[PDB]
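In structure tokens, the next block holds one chain alone, the form deposited in one PDB entry.
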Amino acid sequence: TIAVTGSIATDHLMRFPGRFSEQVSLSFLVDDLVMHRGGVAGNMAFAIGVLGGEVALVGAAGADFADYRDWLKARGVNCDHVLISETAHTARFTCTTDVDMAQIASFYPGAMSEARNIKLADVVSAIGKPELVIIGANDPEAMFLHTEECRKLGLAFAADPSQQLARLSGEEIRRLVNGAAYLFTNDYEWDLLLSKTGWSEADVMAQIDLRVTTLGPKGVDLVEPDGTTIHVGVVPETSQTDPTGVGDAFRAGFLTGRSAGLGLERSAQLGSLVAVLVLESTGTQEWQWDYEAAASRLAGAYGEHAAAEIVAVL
């Protein structure tokens, strides 16, 4: 049972058919505008549900969440513990993506700010202790309180600060990392974390059980404290539609695989599959799950043996 904390949002996604090239008053004429369900916690919960996992969504939304709830619940997500603001609206992510998958975005937190009032003790009380708590991009204070609560209650947690790393300070990031069963970042975020925390690579590795560093088209690295390193290349894409939510999908597929008892490499291969499915669609939860297509692409990228091992648990 995975508890997913983080932002719940509506993503307003636009497509610019050009290349961001301005060199202030930028204006981009866009040829596509879609509104989809989003937020890192929503994306990851959706993906874990679709893949058949036991998952609860733990975040702060406004009252408009009804339809979103019905969507998530239809894929097995426990939405009981979504905090609903009576006054604030759900967070909104507004993003314009160009031909090269470069993004210009703005994020309005709104109801997300109230996530600091959520107590994991209540979720535990209601559902028992989850096997993993994902501390995703959220209200910063909510992130700290969730992490501290996980440490006090003995809950294994995955640090997934993601977009909020830019906002947070060194002391803040440091307070987020110690004791994590997983640390998730991309490579640029990994460099930024090392810089801001003042930690060396070995400083971080001595405080976590596993580092997962996504590398975009170069795949993903999984590094154990002793230096054991697994590199998993991407599932090659047939199109680059929109990069929004690709990292969330990788994390969700990877942690679903781990929850199904798969090894590190097999879990990362499954995560790579879900990631490419998200890369090839517009929106973070618009991707479809086709069992046979999944088997086929997994086998093409990683071999029939790995594909069979992966699909056997889904």
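We call the rigid core whatever largest set of C-alpha positions still superposes within 1.5 Å between the two forms. In case it trips you up, residue 1 is the first one in the sequence shown, and so on.
Unshown form deposited in another entry; subsequent notes refer to it.
Superposed on the rigid core, the two forms differ between the shown form and the other one by 2 Å or more at the C-alpha of one listed residue only; from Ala88, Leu215, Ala102, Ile230 that residue is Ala102. With a cut-off of 2 Å and the rigid core superposed, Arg15 has a Cα displacement that reaches or exceeds the cut-off between the shown form and the other one. Positional change of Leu29 between the shown form and the other one reaches 2 Å or more at the C-alpha, relative to the superposed core.
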